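Source file: final16.csv. Holds: CSV, C-alpha atoms and all ligand atoms.
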```csv
chain,number,residue,atom,x,y,z
H,1,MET,CA,25.5,30.6,-63.8
H,2,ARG,CA,23.2,33.5,-64.7
H,3,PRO,CA,19.6,32.9,-63.7
H,4,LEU,CA,16.9,32.2,-66.3
H,5,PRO,CA,14.4,35.1,-66.9
H,6,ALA,CA,11.1,35.4,-65.0
H,7,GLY,CA,8.0,36.6,-66.7
H,8,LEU,CA,8.5,35.1,-70.2
H,9,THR,CA,5.4,34.0,-72.2
H,10,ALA,CA,5.3,30.4,-73.4
H,11,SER,CA,6.4,31.6,-76.8
H,12,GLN,CA,9.4,33.5,-75.4
H,13,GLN,CA,10.3,30.5,-73.2
H,14,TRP,CA,10.2,28.3,-76.3
H,15,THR,CA,12.3,30.8,-78.3
H,16,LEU,CA,14.9,30.8,-75.6
H,17,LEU,CA,14.9,27.0,-75.4
H,18,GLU,CA,15.3,26.8,-79.2
H,19,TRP,CA,18.1,29.3,-79.1
H,20,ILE,CA,20.1,27.5,-76.4
H,21,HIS,CA,19.4,24.1,-77.9
H,22,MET,CA,20.6,25.3,-81.3
H,23,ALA,CA,23.7,27.0,-79.8
H,24,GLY,CA,24.8,23.7,-78.3
H,25,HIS,CA,24.9,22.2,-81.8
H,26,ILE,CA,27.1,24.9,-83.4
H,27,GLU,CA,30.5,23.7,-84.6
H,28,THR,CA,31.5,25.9,-87.5
H,29,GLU,CA,31.8,29.7,-88.2
H,30,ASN,CA,29.1,29.3,-91.0
H,31,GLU,CA,26.7,27.7,-88.5
H,32,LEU,CA,27.4,30.4,-85.9
H,33,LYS,CA,26.8,33.3,-88.4
H,34,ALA,CA,23.6,31.6,-89.7
H,35,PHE,CA,22.4,31.2,-86.1
H,36,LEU,CA,23.1,34.8,-85.2
H,37,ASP,CA,21.2,35.9,-88.3
H,38,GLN,CA,18.2,34.1,-86.9
H,39,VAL,CA,18.5,35.6,-83.5
H,40,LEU,CA,18.9,39.0,-85.0
H,41,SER,CA,15.6,38.5,-87.0
H,42,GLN,CA,13.9,38.4,-83.6
H,43,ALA,CA,15.4,41.7,-82.2
H,44,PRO,CA,14.5,45.3,-83.0
H,45,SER,CA,18.0,46.0,-84.5
H,46,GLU,CA,19.8,45.2,-87.8
H,47,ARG,CA,23.3,45.5,-86.3
H,48,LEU,CA,25.0,42.6,-84.4
H,49,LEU,CA,28.6,41.5,-83.7
H,50,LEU,CA,30.1,38.7,-81.6
H,51,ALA,CA,33.8,38.8,-80.5
H,52,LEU,CA,36.0,36.3,-78.7
H,53,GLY,CA,38.9,37.7,-76.7
H,54,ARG,CA,41.8,36.7,-74.3
H,55,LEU,CA,41.3,38.4,-70.9
H,56,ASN,CA,43.4,40.0,-68.3
H,57,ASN,CA,43.0,39.2,-64.6
H,58,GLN,CA,40.0,41.4,-64.3
H,59,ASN,CA,38.1,39.7,-67.1
H,60,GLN,CA,38.7,42.6,-69.6
H,61,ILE,CA,39.7,41.8,-73.2
H,62,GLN,CA,43.4,42.2,-73.7
H,63,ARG,CA,43.5,40.7,-77.2
H,64,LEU,CA,40.7,40.1,-79.7
H,65,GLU,CA,41.0,36.5,-81.0
H,66,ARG,CA,38.0,36.3,-83.3
H,67,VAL,CA,35.5,38.8,-84.6
H,68,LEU,CA,32.3,37.5,-86.2
H,69,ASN,CA,30.6,40.5,-87.8
H,70,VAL,CA,27.0,39.6,-88.5
H,71,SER,CA,25.7,43.0,-89.5
H,72,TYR,CA,27.8,45.9,-88.3
H,73,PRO,CA,28.4,48.3,-91.3
H,74,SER,CA,31.6,47.2,-93.0
H,75,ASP,CA,32.6,50.9,-93.4
H,76,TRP,CA,32.2,51.4,-89.6
H,77,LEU,CA,34.4,48.4,-88.9
H,78,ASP,CA,37.0,49.6,-91.5
H,79,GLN,CA,37.1,52.9,-89.7
H,80,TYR,CA,37.3,51.2,-86.3
H,81,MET,CA,40.4,49.3,-87.4
H,82,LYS,CA,42.0,52.2,-89.2
H,83,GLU,CA,41.5,54.7,-86.4
H,84,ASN,CA,42.6,52.5,-83.6
H,85,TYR,CA,39.2,52.7,-81.9
H,86,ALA,CA,39.8,49.5,-79.9
H,87,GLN,CA,42.0,51.5,-77.6
H,88,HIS,CA,39.3,54.2,-77.0
H,89,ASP,CA,36.0,52.3,-77.1
H,90,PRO,CA,34.5,52.1,-73.6
H,91,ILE,CA,32.7,48.9,-74.5
H,92,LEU,CA,36.0,47.0,-75.0
H,93,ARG,CA,36.9,48.0,-71.4
H,94,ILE,CA,33.9,46.1,-69.9
H,95,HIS,CA,34.6,43.4,-67.2
H,96,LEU,CA,33.2,40.4,-69.0
H,97,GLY,CA,30.6,38.4,-67.1
H,98,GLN,CA,29.5,41.3,-64.9
H,99,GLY,CA,26.0,41.8,-66.6
H,100,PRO,CA,24.6,43.5,-69.8
H,101,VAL,CA,26.0,47.0,-70.5
H,102,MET,CA,23.9,49.7,-72.0
H,103,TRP,CA,26.1,51.9,-74.2
H,104,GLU,CA,24.3,55.2,-73.6
H,105,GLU,CA,24.8,54.8,-69.8
H,106,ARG,CA,28.5,53.9,-70.3
H,107,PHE,CA,29.1,56.7,-72.8
H,108,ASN,CA,27.6,59.3,-70.6
H,109,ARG,CA,30.2,58.4,-67.9
H,110,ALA,CA,33.2,58.8,-70.2
H,111,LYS,CA,35.6,61.6,-69.3
H,112,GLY,CA,38.7,61.0,-71.5
H,113,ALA,CA,39.2,63.2,-74.6
H,114,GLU,CA,39.9,60.3,-76.9
H,115,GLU,CA,36.9,58.4,-75.5
H,116,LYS,CA,34.6,61.4,-76.1
H,117,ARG,CA,36.0,61.7,-79.7
H,118,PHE,CA,35.2,58.0,-80.3
H,119,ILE,CA,31.7,58.4,-78.8
H,120,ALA,CA,31.0,61.4,-81.1
H,121,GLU,CA,32.1,59.4,-84.1
H,122,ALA,CA,30.2,56.3,-83.1
H,123,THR,CA,27.1,58.5,-82.6
H,124,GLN,CA,27.4,59.9,-86.1
H,125,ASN,CA,27.6,56.3,-87.4
H,126,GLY,CA,24.4,55.2,-85.7
H,127,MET,CA,26.3,53.4,-83.0
H,128,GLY,CA,25.5,55.8,-80.1
H,129,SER,CA,23.0,53.4,-78.5
H,130,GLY,CA,23.1,49.7,-78.0
H,131,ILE,CA,23.8,46.8,-75.6
H,132,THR,CA,26.7,44.4,-75.0
H,133,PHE,CA,26.2,41.0,-73.3
H,134,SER,CA,29.2,39.0,-72.1
H,135,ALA,CA,30.5,35.7,-70.7
H,136,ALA,CA,33.9,34.7,-69.5
H,137,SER,CA,35.6,31.3,-68.9
H,138,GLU,CA,38.6,31.3,-66.5
H,139,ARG,CA,39.5,27.8,-67.8
H,140,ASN,CA,41.8,29.8,-70.0
H,141,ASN,CA,41.0,33.5,-69.5
H,142,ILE,CA,38.8,33.7,-72.5
H,143,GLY,CA,35.5,35.6,-73.0
H,144,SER,CA,32.9,36.7,-75.5
H,145,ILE,CA,31.0,39.8,-76.2
H,146,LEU,CA,27.7,40.0,-78.0
H,147,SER,CA,26.9,43.5,-79.2
H,148,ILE,CA,23.6,44.8,-80.6
H,149,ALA,CA,23.3,48.4,-81.8
H,150,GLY,CA,20.1,50.4,-81.4
H,151,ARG,CA,17.8,51.8,-78.6
H,152,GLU,CA,14.9,49.4,-79.1
H,153,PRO,CA,16.6,46.1,-77.8
H,154,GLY,CA,17.4,47.7,-74.4
H,155,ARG,CA,13.7,48.7,-73.9
H,156,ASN,CA,12.5,45.1,-74.3
H,157,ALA,CA,13.2,43.6,-70.8
H,158,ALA,CA,12.2,40.1,-72.0
H,159,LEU,CA,14.6,40.2,-75.0
H,160,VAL,CA,17.4,41.6,-73.0
H,161,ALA,CA,17.0,38.7,-70.4
H,162,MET,CA,16.7,36.1,-73.2
H,163,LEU,CA,19.9,37.4,-75.0
H,164,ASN,CA,21.7,37.6,-71.7
H,165,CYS,CA,20.9,34.0,-71.0
H,166,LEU,CA,21.9,32.9,-74.5
H,167,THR,CA,25.3,34.6,-74.3
H,168,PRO,CA,27.2,31.9,-72.3
H,169,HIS,CA,26.1,29.4,-74.8
H,170,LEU,CA,27.2,31.6,-77.7
H,171,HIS,CA,30.5,31.8,-75.8
H,172,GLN,CA,30.9,28.0,-75.7
H,173,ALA,CA,30.0,27.9,-79.4
H,174,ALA,CA,32.6,30.6,-80.2
H,175,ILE,CA,35.3,28.6,-78.4
H,176,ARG,CA,34.4,25.5,-80.3
H,177,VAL,CA,34.5,27.4,-83.6
H,178,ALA,CA,37.8,29.0,-82.8
C,1,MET,CA,20.1,18.6,-84.6
C,2,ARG,CA,17.5,16.6,-82.9
C,3,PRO,CA,14.1,18.3,-82.7
C,4,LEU,CA,12.7,19.5,-79.4
C,5,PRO,CA,9.8,17.5,-77.8
C,6,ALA,CA,6.2,18.3,-78.5
C,7,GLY,CA,3.5,18.0,-75.9
C,8,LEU,CA,5.5,19.1,-72.8
C,9,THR,CA,3.8,20.9,-70.0
C,10,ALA,CA,5.1,24.4,-69.0
C,11,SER,CA,6.8,22.8,-66.0
C,12,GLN,CA,8.5,20.1,-68.3
C,13,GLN,CA,9.5,22.8,-70.8
C,14,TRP,CA,11.0,24.8,-67.9
C,15,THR,CA,12.9,21.7,-66.6
C,16,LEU,CA,14.4,21.0,-70.0
C,17,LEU,CA,15.4,24.7,-70.4
C,18,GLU,CA,17.0,24.6,-66.9
C,19,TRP,CA,18.8,21.4,-67.8
C,20,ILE,CA,20.3,22.6,-71.1
C,21,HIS,CA,21.1,26.0,-69.6
C,22,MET,CA,22.9,24.3,-66.7
C,23,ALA,CA,24.7,21.8,-69.0
C,24,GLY,CA,26.2,24.7,-71.0
C,25,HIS,CA,27.9,25.9,-67.8
C,26,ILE,CA,29.5,22.6,-66.9
C,27,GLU,CA,33.3,22.8,-66.9
C,28,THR,CA,34.5,20.2,-64.4
C,29,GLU,CA,33.9,16.5,-63.6
C,30,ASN,CA,32.5,17.4,-60.1
C,31,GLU,CA,30.0,19.8,-61.8
C,32,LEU,CA,29.0,17.2,-64.3
C,33,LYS,CA,28.4,14.5,-61.6
C,34,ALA,CA,26.5,17.0,-59.5
C,35,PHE,CA,24.3,17.9,-62.4
C,36,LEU,CA,23.6,14.3,-63.4
C,37,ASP,CA,22.6,13.7,-59.7
C,38,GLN,CA,20.0,16.4,-60.2
C,39,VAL,CA,18.7,15.0,-63.5
C,40,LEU,CA,18.5,11.5,-62.0
C,41,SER,CA,16.4,12.9,-59.1
C,42,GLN,CA,13.7,13.7,-61.8
C,43,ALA,CA,13.6,10.2,-63.4
C,44,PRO,CA,12.1,6.9,-62.1
C,45,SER,CA,15.5,5.2,-61.8
C,46,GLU,CA,18.4,5.2,-59.4
C,47,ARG,CA,21.0,4.0,-61.9
C,48,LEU,CA,22.7,6.4,-64.3
C,49,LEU,CA,26.0,6.3,-66.2
C,50,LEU,CA,27.6,8.7,-68.8
C,51,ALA,CA,30.5,7.6,-71.0
C,52,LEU,CA,32.6,9.3,-73.6
C,53,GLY,CA,34.2,7.3,-76.4
C,54,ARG,CA,36.3,7.5,-79.6
C,55,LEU,CA,34.3,6.2,-82.5
C,56,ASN,CA,34.8,4.1,-85.6
C,57,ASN,CA,33.6,5.3,-89.1
C,58,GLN,CA,30.1,4.0,-88.3
C,59,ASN,CA,29.8,6.0,-85.0
C,60,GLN,CA,30.3,3.0,-82.7
C,61,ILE,CA,32.5,3.3,-79.7
C,62,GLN,CA,36.0,1.8,-80.5
C,63,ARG,CA,37.6,3.0,-77.2
C,64,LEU,CA,36.1,4.3,-74.0
C,65,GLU,CA,37.8,7.6,-73.1
C,66,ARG,CA,36.0,8.5,-69.9
C,67,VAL,CA,33.4,6.8,-67.8
C,68,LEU,CA,31.4,8.9,-65.3
C,69,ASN,CA,29.5,6.5,-63.1
C,70,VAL,CA,26.8,8.4,-61.3
C,71,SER,CA,24.9,5.5,-59.7
C,72,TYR,CA,25.5,2.1,-61.4
C,73,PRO,CA,26.3,-0.4,-58.6
C,74,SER,CA,30.1,-0.5,-58.1
C,75,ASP,CA,30.0,-4.3,-57.9
C,76,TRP,CA,28.3,-4.5,-61.3
C,77,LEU,CA,31.0,-2.2,-62.8
C,78,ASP,CA,33.7,-4.2,-61.2
C,79,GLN,CA,32.2,-7.4,-62.7
C,80,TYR,CA,31.8,-5.6,-66.1
C,81,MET,CA,35.5,-4.8,-66.2
C,82,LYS,CA,36.8,-8.1,-64.8
C,83,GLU,CA,34.6,-10.3,-67.1
C,84,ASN,CA,35.3,-8.3,-70.3
C,85,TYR,CA,31.7,-7.3,-70.8
C,86,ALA,CA,32.6,-4.4,-73.0
C,87,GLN,CA,33.2,-6.9,-75.8
C,88,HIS,CA,29.8,-8.6,-75.4
C,89,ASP,CA,27.4,-5.8,-74.3
C,90,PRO,CA,25.0,-5.0,-77.2
C,91,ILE,CA,24.6,-1.4,-75.8
C,92,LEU,CA,28.2,-0.7,-76.6
C,93,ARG,CA,27.6,-1.7,-80.2
C,94,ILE,CA,25.0,1.1,-80.8
C,95,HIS,CA,25.6,3.6,-83.6
C,96,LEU,CA,25.8,6.8,-81.6
C,97,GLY,CA,23.5,9.6,-82.7
C,98,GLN,CA,20.9,7.3,-84.2
C,99,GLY,CA,18.1,7.7,-81.5
C,100,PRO,CA,17.4,6.3,-78.0
C,101,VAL,CA,17.9,2.6,-77.6
C,102,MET,CA,15.6,0.5,-75.3
C,103,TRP,CA,17.7,-2.3,-73.9
C,104,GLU,CA,14.9,-5.0,-73.7
C,105,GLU,CA,14.3,-4.5,-77.5
C,106,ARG,CA,18.0,-4.7,-78.2
C,107,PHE,CA,18.5,-7.7,-75.9
C,108,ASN,CA,15.6,-9.7,-77.4
C,109,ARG,CA,17.4,-9.4,-80.8
C,110,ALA,CA,20.7,-10.8,-79.6
C,111,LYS,CA,21.7,-14.2,-81.0
C,112,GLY,CA,25.4,-14.7,-80.0
C,113,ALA,CA,26.2,-17.1,-77.2
C,114,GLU,CA,28.5,-14.6,-75.3
C,115,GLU,CA,25.9,-11.8,-75.8
C,116,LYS,CA,23.1,-14.0,-74.3
C,117,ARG,CA,25.4,-14.9,-71.4
C,118,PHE,CA,26.0,-11.2,-70.7
C,119,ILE,CA,22.3,-10.4,-71.0
C,120,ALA,CA,21.5,-13.2,-68.4
C,121,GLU,CA,24.0,-11.8,-66.0
C,122,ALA,CA,22.9,-8.2,-66.6
C,123,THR,CA,19.3,-9.3,-65.9
C,124,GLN,CA,20.3,-11.0,-62.6
C,125,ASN,CA,22.0,-7.7,-61.6
C,126,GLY,CA,18.9,-5.5,-62.2
C,127,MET,CA,20.2,-4.3,-65.6
C,128,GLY,CA,17.9,-6.2,-67.9
C,129,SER,CA,15.9,-3.1,-68.7
C,130,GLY,CA,16.9,0.5,-69.5
C,131,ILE,CA,17.6,3.1,-72.1
C,132,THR,CA,20.7,4.6,-73.7
C,133,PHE,CA,20.7,8.0,-75.3
C,134,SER,CA,23.6,9.1,-77.5
C,135,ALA,CA,25.3,11.9,-79.4
C,136,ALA,CA,28.3,12.0,-81.7
C,137,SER,CA,30.6,14.7,-83.0
C,138,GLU,CA,32.5,14.0,-86.2
C,139,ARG,CA,34.8,17.0,-85.5
C,140,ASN,CA,37.0,14.3,-84.0
C,141,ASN,CA,35.0,11.0,-84.1
C,142,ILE,CA,33.9,11.3,-80.5
C,143,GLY,CA,30.6,10.5,-78.9
C,144,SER,CA,28.8,10.1,-75.6
C,145,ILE,CA,26.3,7.7,-74.2
C,146,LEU,CA,23.9,8.3,-71.3
C,147,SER,CA,22.5,5.1,-69.9
C,148,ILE,CA,19.6,4.9,-67.4
C,149,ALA,CA,18.6,1.5,-65.9
C,150,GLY,CA,15.0,0.5,-65.2
C,151,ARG,CA,11.7,0.0,-67.0
C,152,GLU,CA,10.0,3.1,-65.8
C,153,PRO,CA,12.0,5.8,-67.7
C,154,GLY,CA,11.2,4.3,-71.1
C,155,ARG,CA,7.4,4.4,-70.3
C,156,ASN,CA,7.4,8.2,-69.8
C,157,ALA,CA,7.4,9.6,-73.3
C,158,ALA,CA,8.0,13.2,-72.0
C,159,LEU,CA,11.0,12.2,-69.9
C,160,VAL,CA,12.5,10.1,-72.8
C,161,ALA,CA,12.2,13.1,-75.2
C,162,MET,CA,13.6,15.5,-72.6
C,163,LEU,CA,16.6,13.3,-71.8
C,164,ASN,CA,17.2,12.7,-75.5
C,165,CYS,CA,17.3,16.4,-76.1
C,166,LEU,CA,19.6,17.0,-73.2
C,167,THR,CA,22.1,14.4,-74.4
C,168,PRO,CA,23.9,16.5,-77.1
C,169,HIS,CA,24.5,19.1,-74.4
C,170,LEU,CA,25.8,16.5,-71.9
C,171,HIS,CA,28.1,15.4,-74.8
C,172,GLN,CA,29.5,18.9,-75.2
C,173,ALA,CA,30.0,19.2,-71.4
C,174,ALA,CA,31.8,15.8,-71.3
C,175,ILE,CA,34.2,16.9,-74.1
C,176,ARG,CA,34.9,20.1,-72.1
C,177,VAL,CA,35.5,18.1,-68.9
C,178,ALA,CA,37.8,15.6,-70.6
H,201,LIG,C1,39.3,44.7,-84.7
H,201,LIG,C2,38.3,45.8,-84.8
H,201,LIG,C3,36.9,45.3,-84.9
H,201,LIG,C4,36.3,44.9,-83.6
H,201,LIG,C5,35.2,45.9,-83.2
H,201,LIG,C6,34.6,45.3,-81.9
H,201,LIG,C7,33.6,46.3,-81.3
H,201,LIG,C8,33.0,45.6,-80.1
H,201,LIG,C9,32.5,46.6,-79.0
H,201,LIG,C10,31.3,47.4,-79.6
H,201,LIG,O1,30.3,46.8,-80.0
H,201,LIG,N1,31.5,48.7,-79.6
H,201,LIG,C11,30.5,49.6,-80.1
H,201,LIG,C12,30.4,50.8,-79.2
H,201,LIG,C13,30.0,51.9,-80.2
H,201,LIG,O2,30.4,51.5,-81.5
H,201,LIG,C14,30.8,50.1,-81.5
H,201,LIG,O3,31.2,49.5,-82.4
H,202,LIG,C1,35.1,0.1,-68.6
H,202,LIG,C2,33.9,-0.7,-68.1
H,202,LIG,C3,32.8,0.2,-67.5
H,202,LIG,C4,32.0,0.8,-68.7
H,202,LIG,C5,30.5,0.2,-68.6
H,202,LIG,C6,29.7,1.0,-69.6
H,202,LIG,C7,28.4,0.4,-69.9
H,202,LIG,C8,27.7,1.3,-70.9
H,202,LIG,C9,26.5,0.6,-71.6
H,202,LIG,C10,25.5,0.2,-70.7
H,202,LIG,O1,24.8,1.0,-70.0
H,202,LIG,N1,25.3,-1.2,-70.7
H,202,LIG,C11,24.2,-1.7,-69.8
H,202,LIG,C12,23.4,-2.8,-70.5
H,202,LIG,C13,23.1,-3.8,-69.4
H,202,LIG,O2,24.1,-3.6,-68.4
H,202,LIG,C14,24.8,-2.4,-68.6
H,202,LIG,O3,25.7,-2.0,-67.9
```
Please, can you express the file's structure as structure tokens?
Ligand SMILES: CCCCCCCCCC(=O)N[C@H]1CCOC1=O
Ligand SMILES: CCCCCCCCCC(=O)N[C@H]1CCOC1=O
Amino acid sequence: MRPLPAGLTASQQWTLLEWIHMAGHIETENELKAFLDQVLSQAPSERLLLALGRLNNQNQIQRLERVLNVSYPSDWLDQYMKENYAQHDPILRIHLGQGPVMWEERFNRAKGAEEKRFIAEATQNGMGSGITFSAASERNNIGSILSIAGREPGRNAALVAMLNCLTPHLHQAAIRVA
Amino acid sequence: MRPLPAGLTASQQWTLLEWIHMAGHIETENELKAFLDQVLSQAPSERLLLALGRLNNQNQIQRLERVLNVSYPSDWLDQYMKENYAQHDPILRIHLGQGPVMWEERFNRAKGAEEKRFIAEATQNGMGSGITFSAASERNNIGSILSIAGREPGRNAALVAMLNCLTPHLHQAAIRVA
């Protein structure tokens, strides 16, 4: 169980409490999207996506089970699907449950030709910077990712810690919804 | 979704945050008992039980699915089973999800002969006073009760509100465990 954030203001503590409390009441996809809309309204980004996947033995997604697009550009997602980006996107190779991953950091470390191609295209589409939080359940090798695009979220240590702590609860909600 | 408590101190707010955060990570019966042990250590009682049941159309338990005895006296539970108290105990007739129920209040309103008999026996066994919190999911007509014996918990408005808010999360955990 990931530790709760230190250094939050009373308002930030209350927000996180509200978020986890609300997450525990989510039963439907509509409720989940609506809740993610509200979370996003508190973050310096307009682009959020949650995905649920079946995992390999190293907690990496081997199959996407459910994608809940809250606010990624539909044209970007259409391209991602058409161009087979799932196979090249470094973010889909994360070991879920191992801590938040900053995209710029991960992208800078990419060496493969197809990976670099993807990164260049993501960059042109305003997706060169962002953060992905994750949680995994080995009850049935299933995990979730919460992705937020932009440079500003990663710079807000409090928000990062709050979203990180929310993620396991979003994961349980996503399992219930699925 | 039940509203979060007003008037909590920062320490009480933190406790509730820790409880709901922890509840969302519970996967096994062992984890659930251990967690309930920790919650009980924060309440003026030594007697706690959680039960999961299938519900009728009015959100009353029609069948007990799982009982997790944390600290009810084993002899009391043995008697409860042997003497068919499930059929007479006013607390098992609660409409789950309709707010905390104070036992003394409920017991004072009992008119049936067998009900009164049960109440007299419960009273002799130190179970004349207490509180039952509840939550229900109509996804599959399933609900949980959290019972705590004693007069002192009910007198602590903050604790009552905190436990009440924790209960839906205990319910989701109990479903996962079952
Ligand atoms: C089935 C295809 C739709 C699933 C797309 C899921 C993408 C999740 C990982 C993620 O956030 N990657 C970022 C990295 C840069 O650009 C993206 O998009
Ligand atoms: C299958 C039998 C065991 C299940 C027992 C469940 C009891 C839950 C309701 C409850 O807390 N009633 C109180 C009221 C006074 O005395 C009790 O015990």
Tell me as a ChimeraX atom specification which residues belonging to chain H come within 10 Å of chain C, counting all atoms listed in the file. /H:1-4,10,13-14,16-18,20-28,137,139,165-166,168-173,176
Environment of ligand LIG 201 (chain H) within 6 Å, counting only C-alpha atoms and all ligand atoms, reported as number ranges by chain: H: 77, 80-81, 91-92, 122, 127-128, 147
Pick out the residues no farther than 9 Å from ligand LIG 202 (chain H), counting all atoms listed in the file, and list them as a VMD selection string. chain C and resid 48 to 51 64 66 to 69 72 76 to 82 84 to 86 89 to 93 103 107 118 to 119 121 to 123 125 to 132 145 to 149
Taking C-alpha atoms for each residue, export the selection above as a compact mmCIF listing (two decimals), in the coordinates of the input.
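Listing of again28.txt after writing:
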```
# COMPACT_ATOMS: atom_id res chain seq x y z
CA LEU C 48 22.70 6.40 -64.30
CA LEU C 49 26.00 6.30 -66.20
CA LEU C 50 27.60 8.70 -68.80
CA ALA C 51 30.50 7.60 -71.00
CA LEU C 64 36.10 4.30 -74.00
CA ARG C 66 36.00 8.50 -69.90
CA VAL C 67 33.40 6.80 -67.80
CA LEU C 68 31.40 8.90 -65.30
CA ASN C 69 29.50 6.50 -63.10
CA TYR C 72 25.50 2.10 -61.40
CA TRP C 76 28.30 -4.50 -61.30
CA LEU C 77 31.00 -2.20 -62.80
CA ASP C 78 33.70 -4.20 -61.20
CA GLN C 79 32.20 -7.40 -62.70
CA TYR C 80 31.80 -5.60 -66.10
CA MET C 81 35.50 -4.80 -66.20
CA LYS C 82 36.80 -8.10 -64.80
CA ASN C 84 35.30 -8.30 -70.30
CA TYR C 85 31.70 -7.30 -70.80
CA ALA C 86 32.60 -4.40 -73.00
CA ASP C 89 27.40 -5.80 -74.30
CA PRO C 90 25.00 -5.00 -77.20
CA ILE C 91 24.60 -1.40 -75.80
CA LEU C 92 28.20 -0.70 -76.60
CA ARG C 93 27.60 -1.70 -80.20
CA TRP C 103 17.70 -2.30 -73.90
CA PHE C 107 18.50 -7.70 -75.90
CA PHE C 118 26.00 -11.20 -70.70
CA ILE C 119 22.30 -10.40 -71.00
CA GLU C 121 24.00 -11.80 -66.00
CA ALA C 122 22.90 -8.20 -66.60
CA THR C 123 19.30 -9.30 -65.90
CA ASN C 125 22.00 -7.70 -61.60
CA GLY C 126 18.90 -5.50 -62.20
CA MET C 127 20.20 -4.30 -65.60
CA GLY C 128 17.90 -6.20 -67.90
CA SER C 129 15.90 -3.10 -68.70
CA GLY C 130 16.90 0.50 -69.50
CA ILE C 131 17.60 3.10 -72.10
CA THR C 132 20.70 4.60 -73.70
CA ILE C 145 26.30 7.70 -74.20
CA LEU C 146 23.90 8.30 -71.30
CA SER C 147 22.50 5.10 -69.90
CA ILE C 148 19.60 4.90 -67.40
CA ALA C 149 18.60 1.50 -65.90
```
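For the atom pair formed by CA of residue 5 (chain C) and CA of residue 101 (chain C), the distance is 17.0 Å, given to one decimal.
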For CA of residue 87 (chain C) and CA of residue 46 (chain C), determine how far apart the two atoms are, in Å to one decimal place. 25.2 Å
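Minimum atom-to-atom distance to residue 59 (chain C), evaluated using all atoms listed in the file, belongs to C:135 out of C:8, C:135, C:102, C:43.
Atom pair CA of residue 175 (chain H) / CA of residue 99 (chain C): separated by 27.2 Å.
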Find the residues with any atom within 9 Å of (24.3, -9.8, -81.0); use all atoms listed in the file and the coordinates as given in the file, and write the answer as a PyMOL selection string. chain C and resi 88-90+93+106-107+109-116
Determine, counting all atoms listed in the file, which protein, DNA and RNA residues have an atom within 9 Å of an atom of region 37-39 of chain C; residues of the same chain fewer than 6 positions away are not included. Present the result as a PyMOL selection string. chain C and resi 19+48+70-71+163
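Closest approach to residue 159 (chain H) among H:34, H:177, H:133, H:58 is made by H:133 (distances from all atoms listed in the file).
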